[PDB]
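Asker: just the starting chains for now, same placement as in the complex:
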Amino acid sequence: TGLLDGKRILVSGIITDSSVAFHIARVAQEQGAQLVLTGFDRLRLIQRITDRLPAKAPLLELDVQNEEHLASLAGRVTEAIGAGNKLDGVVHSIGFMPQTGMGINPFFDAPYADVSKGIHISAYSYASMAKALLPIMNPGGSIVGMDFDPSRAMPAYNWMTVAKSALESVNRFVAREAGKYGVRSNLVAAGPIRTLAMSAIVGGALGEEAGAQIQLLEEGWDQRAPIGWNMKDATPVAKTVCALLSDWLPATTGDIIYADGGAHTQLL
Amino acid sequence: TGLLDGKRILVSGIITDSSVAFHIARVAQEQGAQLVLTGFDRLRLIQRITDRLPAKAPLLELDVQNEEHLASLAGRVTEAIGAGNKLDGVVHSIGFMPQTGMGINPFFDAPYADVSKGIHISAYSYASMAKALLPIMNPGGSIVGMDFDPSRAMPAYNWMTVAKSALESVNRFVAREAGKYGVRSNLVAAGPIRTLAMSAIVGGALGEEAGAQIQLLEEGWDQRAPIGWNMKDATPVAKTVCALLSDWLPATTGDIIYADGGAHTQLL
């Protein structure tokens, strides 16, 4: 019971318990939402991970690059939530960019095939998911994707930043479509969260200079953030996602909410 | 009970029952907040107006241009809410620009004395209010001001748009100060709301061409808005203000939330 009581919400993007989407799922359940989860490749893993969620939630396979998965998606969700029931919320918390598109690999050296896959999973799939799910969403519904502010270039994030810029653009178009359904579409631009991958890149997985730069990035983020930024705490971002899934931001779409400690509003 | 249960929130800016702040007050009370109101010049009027709020709320005079009012403000609020109690939220819903700074009066013809008064009440007072009230705000608190997106120029709004640009700048600095207190500071950029004044300007009070332009503005807003925009309904904006007053946007400050139907994210 609470912020999302009675809402049926699909949450994609759980892969581990430090997945941003894990915390989104957890908070949404604490707030009364009934979840359907989608998981990409390692469903056994994901099932075991989501066992620790406050409540049980059906898990559906969704490889966002798999047209059949997307084509079957709404029927599978309807099976999961019961005929005559629709989704009130959809959470896109998916992103990927091949290593060549990031870190120390020179920006110019990322082969387009890699970039394109990154943009497919990280940006285009936002529209894919909305296409699959809008038919089974209620008026007053909410689609939320995860963004990392790409409005300025930065070290290491390279083509993933490009992918986020594309995602932000996609979101504005998804909002136009979603609006026909009485549905809002918005992004949450989060501060840096020490996910496994972020920890790995800080630890030098994508090159020492990239690691050093990302560390400087996270330090400066907390410094700039008027209320600070705790990269080890995804809860403030999960809460923000939940804010958008709720009825409490009913006049916002095609938009980006910055759950980044206010870092983006401050130069130094 | 609900979104704001237990929160003590000061709401400025009620002058009539069509004041944006009236609806902010109403929704906040429906959501469990305990209010203190401030009212500017016509306290008898404002008291009679706020009698229709779901709950009684002490009303304090606050002329934001009156240094003594601001100097006494926190003690008066403490009297009203009880010693040992602090505010959790502050709503700045105040704005004013002399007629010369708006409408058909040529932009170049607004005397600086008029502009300055407009900027005093509409922008600087955001910092004034934060200065007066941050000492009596709890950690986790929230200050929210009302904004109208000034990022592009527009007909008729003239120097009030300039004042909003200044307000947005002020908010970013107020966030820096507020952050020391564990307090967030944010603006809600609302779509156009058919307040008495907006109705009056549509009806030609500031010149026929200004009226015509503002009418075109509100029509285009609803057209652009992916979810539409109902200028006769301040509830979606009151709800958004409440979202920011709540614990559900805990990593956003110095920021602007657009409760405008998504109009600003769409060109045409």
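Answerer: Nice, I can see it. Numbers count the residues shown, from 1 in each chain, chains lettered A, B, ... in the order given.
Asker: the residue lying closest to residue A:169 once chain neighbours are set aside in helix, strand or coil?
Answerer: For residue A:169, ignoring the flanking residues on the chain, the nearest one in space by C-beta to C-beta, 6 or more residues apart in numbering or on different chains is residue A:123 at 7.8 Å. The way it works is simple: take the backbone N, C-alpha and C, and place the C-beta from them, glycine included. The three-state assignment at residue A:123 reads helix, by DSSP: H, G, I helix; E, B strand; the rest coil.
Asker: so residue A:123 sits against residue A:167, correct?
Answerer: Yes: using C-beta atoms under 8 Å, residue A:123 is in contact with residue A:167, at 4.1 Å.
Asker: so which helix or strand takes in residue A:166?
Answerer: Assessed by DSSP states H and E, residue A:166 sits inside helix A:158-179.
Asker: elements contacting the helix or strand just after that helix?
Answerer: Next in sequence after helix A:158-179, counting helices and strands by DSSP H and E, comes strand A:184-190. Here strand A:184-190 touches strand A:137-147, helix A:158-179, helix A:235-245, strand A:255-259, going by 3 or more C-beta pairs under 8 Å, 6 or more residues apart in numbering or on different chains; DSSP states H and E.
Asker: orientation of the host helix or strand of residue A:113 relative to helix A:158-179 in degrees?
Answerer: Element membership for residue A:113 (DSSP H and E) is helix A:112-119. In terms of direction (axes from the mean of the first three to the mean of the last three C-alpha atoms, to 10 degrees), helix A:112-119 departs from helix A:158-179 by 40 degrees.
Asker: now helix A:112-119: buried residues?
Answerer: Using 16 or more other C-beta atoms under 10 Å in any protein chain shown as the test for burial, helix A:112-119 gives A:114, A:115, A:116, A:117, A:118, A:119.
Asker: now swap in stretch A:53-61 and tell me
Answerer: By neighbour count with 16+ other C-beta under 10 Å, stretch A:53-61 contains the buried residues A:53, A:57, A:58, A:59, A:60.
Asker: next: stretch A:154-161.
Answerer: Buried, per 16+ other C-beta under 10 Å, within stretch A:154-161: A:155, A:156, A:157, A:158, A:159, A:160, A:161.
Asker: throw chain C on there as well:
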Amino acid sequence: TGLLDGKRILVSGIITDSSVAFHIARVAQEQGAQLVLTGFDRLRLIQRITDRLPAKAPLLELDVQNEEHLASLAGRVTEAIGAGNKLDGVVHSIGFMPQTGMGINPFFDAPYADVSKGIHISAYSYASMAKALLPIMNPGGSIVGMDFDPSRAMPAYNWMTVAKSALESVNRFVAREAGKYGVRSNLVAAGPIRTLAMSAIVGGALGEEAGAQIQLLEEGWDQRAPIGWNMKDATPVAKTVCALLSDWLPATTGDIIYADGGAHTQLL
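Answerer: Let me put chain C in with the others:
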């Protein structure tokens, strides 16, 4: 002689005499630049078109999706301009999005393969071109790409707008690379220009509703533009491109100059 006197500048993107790049080429030559042109598929056509340029300019084939073309590009340019000579400027005036990614074809119905090709040619190729050409660019050099402001969604332009958002992101990264060479990288966001394709879409080639919307778009652009916008005149944009190719914007990179009549700075 003039603004670009002595500069050696590669201009991509001429396909017809109404190509934005044709006018960029023409103005650059009027201003003293020595050009190398690249042309994509119809070289005989392009040669015949560029015969009308004020001066002769070597034409090199460049299919931006062809890795060999890009791999050979700098040597071919060096052959064309003479060993020991480098480029001072590069103009990316290339864009393409399959029909499915635009117009009346539902946004959700653009297959990723189409989108990806669009993003390849329209966004990624900006980095491709910079990768190929930075080794043969002089310090103080300038790379300029053509942008159409994607900061808000719009009818009909659909995935091309997404591609522009990606391009703007790419440009910011290209600037980081280009900076190592003493080279600036910038976009020109032009107003709508009645190119063959734009005329075709206005005339209904991508659906009547798309045509109607684009017509409304161009009308509103001129209305919003404080100095007007003449979609039949690419000269103000060619001049702006030339401004960026010149030494007169020497502290601007990763940036976007808006040659749009000021339309983007105005709401209504």
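Asker: and the buried residues of stretch A:53-61, now that chain C is part of it?
Answerer: A:53, A:57, A:58, A:59, A:60.
Asker: give the contact list for the nearest residue to the third one once chain neighbours are set aside.
Answerer: When the adjacent residues along the chain are set aside, residue A:58 lies closest to residue A:80, with 4.1 Å between them (C-beta to C-beta, 6+ apart). Contact analysis of residue A:80 by C-beta atoms under 8 Å, 6 or more residues apart in numbering or on different chains lists A:36, A:58, A:60.
Asker: same deal with residue A:247?
Answerer: Counting by C-beta under 8 Å, 6+ apart, residue A:247 touches A:140, B:239.
Asker: tell me if the residue nearest to residue A:58 really is in a helix.
Answerer: Yes: counting by three-state DSSP, residue A:80 is located in a helix.
Asker: look up how far chain C lies from it.
Answerer: Using C-beta to the nearest C-beta, to the nearest Å, we find residue A:80 at a distance of 22 Å from chain C.
Asker: hang on, isn't residue A:152 packed against residue C:172?
Answerer: Yes: at 6.6 Å, residue A:152 counts as touching residue C:172 under the criterion of C-beta under 8 Å.
Asker: higher neighbour count, these two?
Answerer: Remark: of residue A:152 and residue C:172, residue C:172 carries more neighbours, 23 against 10, as counted by other C-beta atoms under 10 Å in any protein chain shown.
Asker: which residues are in contact with that one?
Answerer: So residue C:172 contacts A:152, A:153, C:254 (C-beta under 8 Å, 6+ apart).
Asker: hmm, residue B:254 and residue A:262 touching each other?
Answerer: Yes: counting by C-beta under 8 Å, residue A:262 touches residue B:254, with 4.3 Å between them.
Asker: okay, and the common contacts of the two?
Answerer: What both residue A:262 and residue B:254 touch, as defined by C-beta under 8 Å, 6+ apart, is the set A:226, B:175.
Asker: contacts only, for the residue nearest the centre of chain A.
Answerer: Nearest to the geometric centre of chain A sits residue A:93, at 2.2 Å (C-alpha atoms, centre = their mean). Residues near residue A:93 by C-beta under 8 Å, 6+ apart: A:11, A:12, A:13, A:14, A:19, A:20, A:21, A:24, A:145, A:146.
Asker: and chain D on top of that:
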Amino acid sequence: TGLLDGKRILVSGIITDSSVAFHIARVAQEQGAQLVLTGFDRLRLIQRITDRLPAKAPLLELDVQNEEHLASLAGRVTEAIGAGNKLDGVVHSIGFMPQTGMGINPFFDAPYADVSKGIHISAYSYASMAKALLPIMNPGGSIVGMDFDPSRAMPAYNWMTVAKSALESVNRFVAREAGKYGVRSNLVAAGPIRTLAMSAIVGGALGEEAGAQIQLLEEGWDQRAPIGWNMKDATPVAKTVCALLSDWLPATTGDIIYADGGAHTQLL
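Answerer: Chain D goes in next, on the same frame as the chains above:
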């Protein structure tokens, strides 16, 4: 002779030889412009300073807060340039904020009277100057003001940043007016320039912490700037101002050109 040959251009804001406007004046003269200068309080000083300009230029007193100065301004300029001659360019390079509005003085402690004076001189005067001078400007003319990117808050700059936000807003409205005259209005957002005042604040004139912060600000600016930023060199900014005064940015108004080394396009 050159970029501005034959143009008659009013350049305000020279106070010393390290004034940004001194370099704007110098470059404009090197480029063929005929100047009229305006100077604020110390005309003897300013005359002696501008004696070192490449060419002689009439100097007119203009206190932008003095309505009579502004009321007489266009006739005095016409006297200076000759009846039947008009201005082609106007440079607003004026700014001021009382000490209370900056540095270590708490943001909340700047009395509105101080802020208002700051906003008067730094923002409103942009409109004042355009009002005074548009009647005596040629079609194809250009008004340029000096901006410091206020889109994010920063240490020390406090209410001057607010003033710049207001200036940027004013510029968008001035463009609407200027457009009626065939005149463009634009800002140049410069990187930090080690003007006397900036040197003084770095040296602790407005508090040690403000000095330290501004020093960090200038260091980070050069680091972020893809082409670097040399705060001791106003020439790249003078050149940019000249770019806008020229015919080479003929489709840009109400706009801001960033002569900041690209720093604003980069996060880290």
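Asker: take the buried residues of stretch A:154-161 again, chain D included.
Answerer: Quick answer for stretch A:154-161 (16+ other C-beta under 10 Å): A:154, A:155, A:156, A:157, A:158, A:159, A:160, A:161.
Asker: how much space separates the third one from residue A:187?
Answerer: To residue A:187, residue A:156 is 21 Å away according to C-beta to C-beta, to the nearest Å.
Asker: do the same with the fourth one
Answerer: Between residue A:157 and residue A:187 the distance, using C-beta to C-beta, works out to 16 Å.
Asker: re the thing from before, among the buried residues of stretch A:154-161, which two are most distant?
Answerer: A:155 and A:159 (12.6 Å; C-beta to C-beta).
Asker: does stretch A:114-128 reach chain C?
Answerer: Yes: counting by C-beta under 8 Å from any C-beta of the partner chain, chain C has neighbours in stretch A:114-128: A:115, A:116, A:119, A:120, A:123, A:124, A:127, A:128.
Asker: what residues does the stretch 51-200 of chain A put near chain C?
Answerer: A:65, A:106-109, A:112, A:115-116, A:119-120, A:123-124, A:127-128, A:130-131, A:150, A:152-153, A:158, A:161-162, A:164-166, A:168-170, A:172-177.
Asker: filter those residues down to the buried ones, PyMOL style.
Answerer: With 16+ other C-beta under 10 Å as the criterion, this PyMOL line picks the buried residues out of those:
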select buried, chain A and resi 65+107+112+115+116+119+120+123+124+127+128+130+131+150+152+153+158+161+162+164+165+166+168+169+170+172+173+174+175+176+177
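Asker: how about the closest residue to chain B within the stretch 51-200 of chain A, what does it touch?
Answerer: Per C-beta to the nearest C-beta, residue A:179 is where the stretch 51-200 of chain A lies closest to chain B, at 3.4 Å. Residue A:179 makes contact with A:253, B:225, B:226, B:227, B:228, B:262 under the criterion C-beta under 8 Å, 6+ apart.
Asker: near chain D, which residues of chain A?
Answerer: So chain A meets chain D at A:149, A:152-155, A:213, A:216-217, A:220, A:264-268 (C-beta under 8 Å from any C-beta).
Asker: out of these, which is nearest to residue D:75?
Answerer: residue A:267 (42.5 Å).
Asker: just give me the neighbour total for that closest one.
Answerer: Neighbourhood size, residue A:267 [other C-beta under 10 Å]: 21.
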